[PDB]
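Engineer: how would this look folded up:
(chains A, B and C)
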Amino acid sequence: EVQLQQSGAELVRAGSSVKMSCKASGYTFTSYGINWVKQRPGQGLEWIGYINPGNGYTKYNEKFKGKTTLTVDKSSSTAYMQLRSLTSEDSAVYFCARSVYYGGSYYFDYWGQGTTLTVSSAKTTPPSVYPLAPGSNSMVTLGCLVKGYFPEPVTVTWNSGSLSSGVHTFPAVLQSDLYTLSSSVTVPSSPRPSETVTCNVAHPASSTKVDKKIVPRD
Amino acid sequence: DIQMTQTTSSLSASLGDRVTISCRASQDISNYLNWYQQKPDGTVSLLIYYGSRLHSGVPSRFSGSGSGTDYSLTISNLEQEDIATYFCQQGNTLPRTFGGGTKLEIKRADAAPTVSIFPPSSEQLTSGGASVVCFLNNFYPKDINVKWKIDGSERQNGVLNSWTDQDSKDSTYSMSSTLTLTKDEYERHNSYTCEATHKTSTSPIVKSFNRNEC
Amino acid sequence: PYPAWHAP
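Structural biologist: Numbering: from 1, shown residues only, chains lettered A, B, ... in the order given. Next comes the structure:
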């Protein structure tokens, strides 16, 4: 098959730059073009520019020009995209794709998994796990606020797994340059505070495995 | 240049139906249109190319058409596997442009959200911060407006929301909303409210607590 | 006015 393995996630400080890879396999690297598409998780896809491996030619999207640079190396079938003077606006996942000719034009027939680029000054920091107990009825919801960590991901489970049904762990959101997420579990009134309910949040990046117990009150 | 408007952001349907996703160019593209299907997992793959007719080794039940500015991907005999986001792309002029994309979801019967509000934790307050959290769980349709009130009036700074994708067992959505304040601002007020407007009732679903009754 | 590869 045709394959495109892109680089690993990237973490960088605004003002700085980065260089991602796109290694091609299973086809003649120089017989096809590589395009770059950005997907900020806002609203769609943007065409950055592109390049002809054999040709060395490059064509940019006016917007991404000036801060973007596409290159290639052919003694190892790899293409590179370099972003400069990064900003919050450059946080997105970037894809590379192959271009095939047909009719009088192109289209992308194969893509890479994509490369996540988070522009930030944070450093690995463990989250604070706050227990969410109700406030002063046959089913009761309890929460757990995982606040102030970096970088993703975070693993949350309740009672180490034994509490599986009725659990909603939400996508993390960036606030303060740090991620924050929440999780909720719904157990009958007979289990809590009668028994113990604990959220277990793991954060591989900082080698942290926190177990927070949800106790009555505040 | 030519920009594509996929004019429906989220499209709703049942397994088995005939789904039609549209896309309009702000100018004639002489049939230089392509369709991609991105999955929740993040990966993108091609479907149909050129004028919308041409196949790239895929299920026959994927078909394309259109002719000037108006095109469409039609998934007859829809399937689970097919639940994903579809983007159209024009290859007539530079720069290349895609549409906003259209995301399919499974059709389910309406369900009001269950709502829960939670005061700041002791643990957190001792750190000088204060976050009030509100979950709105297992609701459908997925459109919803959460509104916070402090001491009776709206508040909008600090509010950060998160939404889960449609669930796999049931086809409901869940949402979390969090109001973050400093410890002092929080202790300067009494009542906190989480109001959920959803077209399940014309009346909001209200949850709140007072720091005094705490 | 300037080069491309399917268009302007």
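
Engineer: okay, now the residue of chain C found nearest chain B: neighbour count?
Structural biologist: Closest to chain B within chain C is residue C:7: 3.8 Å, counting by Cβ to the nearest Cβ. The way it works is simple: take the backbone N, C-alpha and C, and place the C-beta from them, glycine included. Look at residue C:7: counted by other Cβ atoms under 10 Å in any protein chain shown, it has 18 neighbours.

Engineer: same deal with residue A:76?
Structural biologist: For residue A:76, using other Cβ under 10 Å, the count is 9.

Engineer: Give me the secondary structure label for it.
Structural biologist: For residue A:76, the assignment made with DSSP: H, G, I helix; E, B strand; the rest coil gives coil.

Engineer: go on, residue A:22?
Structural biologist: strand.

Engineer: Could you list the domains of chain A?
Structural biologist: A:1-121, A:122-217 (curated CATH domains).

Engineer: Of those, which is nearest residue B:49?
Structural biologist: Set against residue B:49 and scored by Cβ to Cβ, those come closest in domain A:1-121, at 4.3 Å.

Engineer: is the closest one anywhere near chain C?
Structural biologist: Yes. In terms of Cβ under 8 Å from any Cβ of the partner chain, part of domain A:1-121 sits within range of chain C, namely A:33, A:50, A:59, A:104-106.

Engineer: ok, and which of those residues reach chain B?
Structural biologist: A:59, A:104-106.

Engineer: what sits against the residue in chain B that chain C sits nearest to?
Structural biologist: Closest to chain C within chain B is residue B:93: 3.8 Å, counting by Cβ to the nearest Cβ. Residue B:93 makes contact with B:1-2, B:29, C:6-8, according to Cβ atoms under 8 Å, 6 or more residues apart in numbering or on different chains.

Engineer: so which of those are also by chain A?
Structural biologist: C:6-7.

Engineer: Please indicate which of the contacts of residue B:93 has the highest neighbour count?
Structural biologist: The residue in the contacts of residue B:93 with the most neighbours, by other Cβ under 10 Å, is residue B:29 (22 neighbours).

Engineer: and that one, what does it touch?
Structural biologist: Taking Cβ under 8 Å, 6+ apart as the criterion, residue B:29 is in contact with B:2, B:68-69, B:90-93.

Engineer: Now the phi/psi pair for it, please.
Structural biologist: phi -110, psi 20 (degrees, to the nearest 10).

Engineer: and the ones next to chain B among the residues of domain A:1-121 next to chain C, which of them are in strands?
Structural biologist: Judged by DSSP state E, strands contain the following of those: A:59, A:105-106.

Engineer: now the residues you listed as CSV including neighbour count and distance to residue B:212?
Structural biologist: Output for these, formatted as CSV (neighbours: other Cβ atoms under 10 Å in any protein chain shown; distance: Cβ to Cβ, whole Å):
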residue, neighbour count, distance to residue B:212
A:59, 20, 65
A:105, 24, 68
A:106, 24, 67
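
Engineer: In contact with residue B:53, which residues?
Structural biologist: B:31, B:64-65.

Engineer: Recalculate using a threshold of 7 Å.
Structural biologist: Contact analysis of residue B:53 by Cβ atoms under 7 Å, 6 or more residues apart in numbering or on different chains lists B:64-65.

Engineer: Phi and psi next, for it.
Structural biologist: The phi/psi pair for residue B:53 (degrees, to the nearest 10) is phi -90, psi -50.
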